[PDB]
Amino acid sequence: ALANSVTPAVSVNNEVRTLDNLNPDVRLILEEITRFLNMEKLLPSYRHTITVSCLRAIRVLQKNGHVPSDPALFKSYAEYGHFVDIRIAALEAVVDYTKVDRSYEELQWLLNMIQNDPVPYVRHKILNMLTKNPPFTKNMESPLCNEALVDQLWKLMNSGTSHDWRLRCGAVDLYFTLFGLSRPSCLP
Amino acid sequence: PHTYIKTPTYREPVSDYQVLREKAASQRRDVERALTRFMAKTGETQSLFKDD
């Protein structure tokens, strides 16, 4: 409910979002989610439901112009040793970031995590979230439509996902969502 | 009356639900803020802002 109340901020001349030019409304929300996340670090919930809700709310505040658009927090919560709900919430935030900020290195981070993660459910979920919220569609001109990305995703369909039967269908779905049924257009 | 009259007297009791809710709420908020600042200062810490 605190995350639902966040309206987009009135940035002037692309002003850098710092602590002093914060909204007086959003400072209370940010204090509350900081208190909740830190108290979850000491007294945890049943399935880290407050971690998932606070990561989702920090992504809501980053989607508007309130918190700086930095994926390092979600990249630290998406490591292997965390609970799987925290991991998929953080990876959902990283997928949303690499859709909005057109990040090349975050997409390479996600594709590397698809290739070598210990939990195969997390790999399937990353391919699923990158299909649902794709970094670009076939209609879009994006900076991320190289021949290098077409070769990486074709290598991920062909080899690489050969051991799961669910990662390979997810890679086929991702290639269909990104490049369509015909020849990838952004290619010689 | 002062020559021989004595009545005990007590302190003013605060039986008000509003101020009791306010006292318990503010004391709980202050002790949890003090606890979390003490535990963040004497351990590894993160920060939403640069060097915060």
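FYI, it's all coordinate maths here, none of it is from the lab. Cβ atoms come from the backbone with ideal geometry, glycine included; neighbour counts cover every protein chain shown.
Values of log10 I(q)/I(0) for the stretch A:47-188 across q = 0.10 Å⁻¹ run -0.33, by the Debye formula with one identical scatterer at each alpha carbon and no solvent.
What's the longest bit of chain A with no exposed trypsin sites (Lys or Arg not before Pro), using DSSP loop states and at most 16 other Cβ atoms within 10 Å as the test? Here the longest segment lacking exposed loop sites spans A:48-101. Multiplying the residue separation of residue A:82 and residue A:133 by 0.36 nm and removing their Cα-Cα distance gives an extension gain of 16.0 nm. Once you have a ≥ b ≥ c as the square roots of the Cα gyration tensor eigenvalues for the protein assembly as shown, tell me rounded if a/c is under 1.5, and otherwise prolate or oblate according to whether a/b is larger than b/c. Since a/c reaches 1.5 and a/b is larger than b/c, the shape of the protein assembly as shown is classed as prolate.
Unpaired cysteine residues in chain A (no second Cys Cβ under 4.7 Å): A:54, A:169.
Between the residues A:83, A:176, A:18, the greatest Cα displacement towards the positive end of the dipole of the protein assembly as shown, with unit charges on the Cβ of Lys, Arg, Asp and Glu, is found for A:83. Each of A:103, A:159, A:45 was scored by other Cβ atoms within 10 Å of its Cβ. Listed from fewest to most, they are A:159, A:45, A:103.
Two numbers describe the Cα atoms of chain B: Rg and Dmax, which are 23.1, 74 Å. Between 0 and 90 degrees, the angle of helix B:17-41 with respect to the longest Cα principal axis of chain B falls at about 30 degrees. Kirkwood's formula applied to the C-alpha pairs of the stretch A:7-121 gives a hydrodynamic radius of 15.2 angstrom.
Were the residues from residue A:5 through residue A:38 laid out at 0.36 nm apart, the gain over their Cα-Cα distance would be 9.7 nm. If only the Cβ of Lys and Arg carry +1 and only the Cβ of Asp and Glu carry -1, the dipole of the stretch A:74-151 around its Cα centre is close to 240 debye. Multiplying the residue separation of residue A:20 and residue A:141 by 0.36 nm and removing their Cα-Cα distance gives an extension gain of 39.9 nm.
Which chymotrypsin sites (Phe, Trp or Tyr not before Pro) in the stretch A:18-76 sit in a loop by DSSP (not H, G, I, E or B) and have at most 12 other Cβ atoms within 10 Å of their own Cβ? Loop-located and lightly packed - A:46. Taking 7 Å steps out from each Cα toward its Cβ at residue B:19 and residue A:148 produces label points 7.0 nm apart. The label-point distance for residue A:162 and residue A:116, in a model that sets each label 7 Å from Cα toward Cβ, rounds to 1.7 nm.
Modelled label positions at residue B:39 and residue A:182, each set 7 Å beyond Cα in the direction of Cβ, lie 5.9 nm from each other.
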